[PDB]
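J.: Just dropping this structure here.
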Amino acid sequence: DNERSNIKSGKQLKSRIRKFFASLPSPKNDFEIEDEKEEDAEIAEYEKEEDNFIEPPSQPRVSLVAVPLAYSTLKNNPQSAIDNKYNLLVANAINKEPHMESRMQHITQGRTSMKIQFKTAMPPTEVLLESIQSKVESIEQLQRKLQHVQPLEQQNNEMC
Amino acid sequence: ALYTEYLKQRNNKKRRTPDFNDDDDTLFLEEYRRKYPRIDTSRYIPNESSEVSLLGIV
Amino acid sequence: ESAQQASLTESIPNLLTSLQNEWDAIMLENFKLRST
Amino acid sequence: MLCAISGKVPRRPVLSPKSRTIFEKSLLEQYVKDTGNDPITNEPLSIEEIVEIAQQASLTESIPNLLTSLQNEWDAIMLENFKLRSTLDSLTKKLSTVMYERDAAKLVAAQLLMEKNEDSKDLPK
Amino acid sequence: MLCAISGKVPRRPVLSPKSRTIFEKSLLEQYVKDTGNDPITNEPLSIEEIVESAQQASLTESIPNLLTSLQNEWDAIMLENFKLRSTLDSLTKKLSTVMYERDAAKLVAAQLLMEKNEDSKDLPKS
């Protein structure tokens, strides 16, 4: 039973098992309007389970042979990947510099933050304030004592 | 000159007000409010962790 | 050849309000001290 | 010239002996206090391992304006830090979309090989 | 606030001028009368060497303390950038190898779609 669980978890999905989406049949309909793109779209909707689930009889030995075969088909290869990675990095820095529709989403993201954060701030503040306004008065009324302990000091030194 | 005239130089009264559906200018001003509010909420976390122990020690 | 200051609960203000007050308090004191 | 943590010009630089890299004394210490490691090579390093290793003063120009400069520079750095983090999340996000297509494609090859295998049997008959 | 020799709150603090440390006068005096030395560093010290103006001070609170605060802000935010610079160099490195394996594989999808259809085109005609 331990062996069977080891076979199902590994052969469940490569992306899902490793690490990190909303359901969109209209996005799959819009993207098609080419065949390989539709195959990955249905694959994403199946694993995730306006969303219907269905595909559950497709996804270990057939995948290993498929991976070994594709590896055979694939210094010079290392430089062509480093050059393309720099080109995509320049395209990512260019798409970011132009922005700084889209502006309304960021403001609403802040309104969530402003809400979530400032509510936390006000709770952290009022919790602190209750404990620390007393200690502020304690600390601040002590500071006033230095200002009188100093002013007398000088008059005594002067008179001395 | 500041003391004689009795006038302090004005600071950035901008972050507090802002406005939604603005422009590229308020897109910046909005993104400013987020990062500083996250810094704020992180700046309140390390205070509350110690809490009153750090205050009473001083 | 340690001191602790408890950073206020409402700690924007450090850039705007706190820093402004520090250079006001430096300015109007030394001017008043020059008067003395 | 540049400490490989912040991007500043270091005013008391210190070099790590596990990996040849001149860091700044303040920044390397905080990292070691978090976890006893080197930030670049992830090799086991300590504070005593560090060996303490140009200064040209900025003359801005010909004070109330300098207040608003420092305001603008913090205002700019806050957005230059923000822009660089949303880009990291979306490059990881678009990377995850590639991994699904990568593994989805190699399932579609298995059915295509079956259609080729079925064809090779029929051709022989 | 503490005396380094005893560990008590010293009621007459006197700081030495060889190993800088706040000692209690009555304690350190006896240490000097035992042998003319500073207890911590074991450097020579006499009783006259030990020491118990006009500018008024105010307590250390949240200009200099404000400037050292802004160092903490930036020095912490500089490490925040490393967390995203280092993590970016892993994602882009995995993306580069991922897109290369995608580009190396899709040529084989194009040939199997040719070969499986060509085998169907060949066989059906016969």
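J.: Test A:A121 against the stated conditions and say whether it is within 14 Å of chain E (Cβ to nearest Cβ), closer than 26 Å to B:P37 by Cα and in a helix (DSSP H, G or I).
T.: no
J.: Only one of (1) closer than 23 Å to E:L88 by Cα; (2) part of a helix (DSSP H, G or I) fails for D:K33. Which number is that?
T.: (1)
J.: Turning to a different aspect of this structure: Out of (1) under 25 Å from A:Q143 (Cβ atoms); (2) touching a helix residue (DSSP H, G or I) at 6+ places or on another chain (Cβ under 7 Å); (3) surrounded by 15 or more Cβ atoms within 10 Å (Cβ to Cβ), the odd one out for E:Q56 is which?
T.: Looking at each condition in turn, E:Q56 falls short on (3).
J.: Every residue in the stretch A:20-50 that is part of a loop (DSSP other than H, G, I, E, B), under 22 Å from D:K94 (Cα atoms) and in contact with a helix residue (DSSP H, G or I) (Cβ under 8 Å, 6 or more places away or on another chain), please.
T.: Across the stretch A:20-50, the qualifying residues are A:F20, A:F21, A:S23.
J.: Next question. Among the residues of the stretch D:92-101, is there at least one that is surrounded by fewer than 17 Cβ atoms within 10 Å (Cβ to Cβ), among the hydroxyl-bearing types (S, T, Y) and facing chain E (nearest Cβ under 9 Å)?
T.: Scanning the stretch D:92-101 turns up no residue that is surrounded by fewer than 17 Cβ atoms within 10 Å (Cβ to Cβ), among the hydroxyl-bearing types (S, T, Y) and facing chain E (nearest Cβ under 9 Å).
So that you can scan it fast, the table gives a plain yes or no per residue for (1) in contact with a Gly (Cβ under 9 Å, 6 or more places away or on another chain); (2) closer than 30 Å to A:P60 by Cα; (3) facing chain E (nearest Cβ under 10 Å):
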{"site": "D:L66", "(1), (2), (3)": "no, no, no"}
{"site": "D:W74", "(1), (2), (3)": "no, no, yes"}
{"site": "D:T87", "(1), (2), (3)": "no, no, yes"}
{"site": "D:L107", "(1), (2), (3)": "no, yes, no"}
{"site": "D:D122", "(1), (2), (3)": "no, yes, yes"}
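J.: So, A:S63, is that one among the small types (G, A, S), in contact with an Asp or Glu (Cβ under 9 Å, 6 or more places away or on another chain) and in a helix (DSSP H, G or I) or not?
T.: yes
J.: Another question, then. Only one of these conditions is not met by D:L107: (1) surrounded by fewer than 16 Cβ atoms within 10 Å (Cβ to Cβ); (2) part of a helix (DSSP H, G or I); (3) not aromatic (F, W, Y). Which number is it?
T.: Every listed condition holds for D:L107 apart from (1).
J.: Every residue in the stretch A:68-91 that is part of a helix (DSSP H, G or I) and in contact with a helix residue (DSSP H, G or I) (Cβ under 6 Å, 6 or more places away or on another chain), please.
T.: Across the stretch A:68-91, the qualifying residues are A:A70, A:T73, A:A81, A:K85.
J.: Here are the criteria: (1) within 14 Å of chain E (Cβ to nearest Cβ); (2) of a type outside the set (K, R); (3) within 27 Å of the chain's Cα centre (by Cα). Tell me which single one A:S26 does not satisfy.
T.: (1)
So that you can scan it fast, the table gives a plain yes or no per residue for (1) in contact with a strand residue (DSSP E or B) (Cβ under 9 Å, 6 or more places away or on another chain); (2) assigned to a helix (DSSP H, G or I); (3) more than 10 Å from chain C (Cβ to nearest Cβ):
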site: B:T4; (1), (2), (3): no, yes, no
site: B:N12; (1), (2), (3): no, no, no
site: B:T17; (1), (2), (3): no, no, yes
site: B:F20; (1), (2), (3): no, no, yes
site: B:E30; (1), (2), (3): no, yes, yes
site: B:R34; (1), (2), (3): no, yes, yes
site: B:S42; (1), (2), (3): no, yes, yes
site: B:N47; (1), (2), (3): no, yes, no
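J.: Turning to a different aspect of this structure: Has the stretch A:51-60 got any residue that is closer than 24 Å to D:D89 by Cα and surrounded by 10 or more Cβ atoms within 10 Å (Cβ to Cβ)?
T.: No, every residue in the stretch A:51-60 fails to be closer than 24 Å to D:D89 by Cα and surrounded by 10 or more Cβ atoms within 10 Å (Cβ to Cβ).
J.: Return the residue satisfying two criteria in turn: it lies in the stretch C:26-36 and is under 15 Å from the mean Cα position of the chain (by Cα) and surrounded by 12 or more Cβ atoms within 10 Å (Cβ to Cβ), and of such residues it is farthest from the other protein chains (Cβ to nearest Cβ).
T.: C:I26
J.: Select from the stretch A:94-105 the residues that are at the interface with chain B (Cβ under 10 Å from one of its Cβ atoms), over 10 Å from B:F20 (Cβ atoms) and surrounded by 10 or more Cβ atoms within 10 Å (Cβ to Cβ) and list them in ascending order.
T.: Hits for the stretch A:94-105 are A:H99, A:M100.
J.: Right, another one. Could you identify the single residue in A:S113, A:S131 that is closer than 20 Å to D:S86 by Cβ and surrounded by 12 or more Cβ atoms within 10 Å (Cβ to Cβ)?
T.: Unique residue meeting the criteria: A:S113.
Throughout, read-outs are computed from the coordinates displayed, never taken from laboratory work. Every residue, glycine among them, receives a Cβ derived from its backbone with ideal geometry; neighbour counts consider all protein chains shown.
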